[PDB]
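Trainee: what shape does this take:
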Amino acid sequence: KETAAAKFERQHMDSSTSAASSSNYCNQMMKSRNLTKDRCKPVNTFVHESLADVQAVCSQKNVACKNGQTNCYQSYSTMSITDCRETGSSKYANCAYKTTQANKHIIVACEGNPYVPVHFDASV
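Mentor: Numbering: from 1, shown residues only. Below you will find the coordinate block:
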């Protein structure tokens, strides 16, 4: 099975690039990260920062999680991120994604030992 921390890295970490290079980036990454096999993941966010810089968010501003949970943290600074949202004309198994590049604060839920991000709550 996949540990909740390795899963957050596979679905959200992309430190190799500084930001979405083309409008096909989401179609590319959603595919190389295995997020379109049993269905098209309708929404996913990639962060273009170092894994360390994203794990350090677990020691920043503590805020409520979108589900009420109290183990979410908001990054003090804005981070480079890419938003992948399934387009209306997307069809399993041929997923189509709109890619939107942006700089925003990310909010992730942290868990376990050591305290690492285990779920991407949102960005603002």
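Trainee: contacts, neighbours, all on C-alpha from now
Mentor: Fine.
Trainee: which one is the residue sitting furthest away from the middle of the chain nearest to, not counting chain neighbours?
Mentor: For the chain, the C-alpha farthest from the mean C-alpha position belongs to residue 89; by CA atoms, centre = their mean, that distance is 22.6 Å. Nearest non-adjacent residue to residue 89, counting by CA to CA, 6 or more residues apart in numbering: residue 96, 6.9 Å away.
Trainee: thought the one you found was touching residue 86?
Mentor: Yes: assessed by CA atoms under 8 Å, residue 96 is found in contact with residue 86 at 5.8 Å.
Trainee: check contacts around the nearest residue to residue 77 once chain neighbours are set aside.
Mentor: Excluding its sequence neighbours, the residue lying closest to residue 77 (CA to CA, 6+ apart) is residue 105, at 6.1 Å. Neighbour list for residue 105: 74-79, 123-124 [criterion: CA atoms under 8 Å, 6 or more residues apart in numbering].
Trainee: ok, the residue farthest from the centre of the chain to residue 42 distance?
Mentor: Taking CA to CA, to the nearest Å as the measure, residue 89 falls 12 Å from residue 42.
Trainee: and residue 41, what does it touch?
Mentor: Neighbouring residues of residue 41 by CA under 8 Å, 6+ apart: 30, 35, 86.
Trainee: out of those residues, which one sits closest to residue 10?
Mentor: Set against residue 10, the nearest of those by CA to CA is residue 35 (9.2 Å).
Trainee: burial of the closest one, as a residue count?
Mentor: For residue 35, the neighbour count with other CA atoms under 10 Å is 18.
Trainee: and residue 58, by the same measure?
Mentor: For residue 58, using other CA under 10 Å, the count is 23.
Trainee: show me what contacts it?
Mentor: Applying CA under 8 Å, 6+ apart, the residues near residue 58 are 72-73, 108-110, 115-117.
Trainee: let's see it at 7 Å
Mentor: Taking CA atoms under 7 Å, 6 or more residues apart in numbering, we find residue 58 in contact with 73, 110, 115-117.
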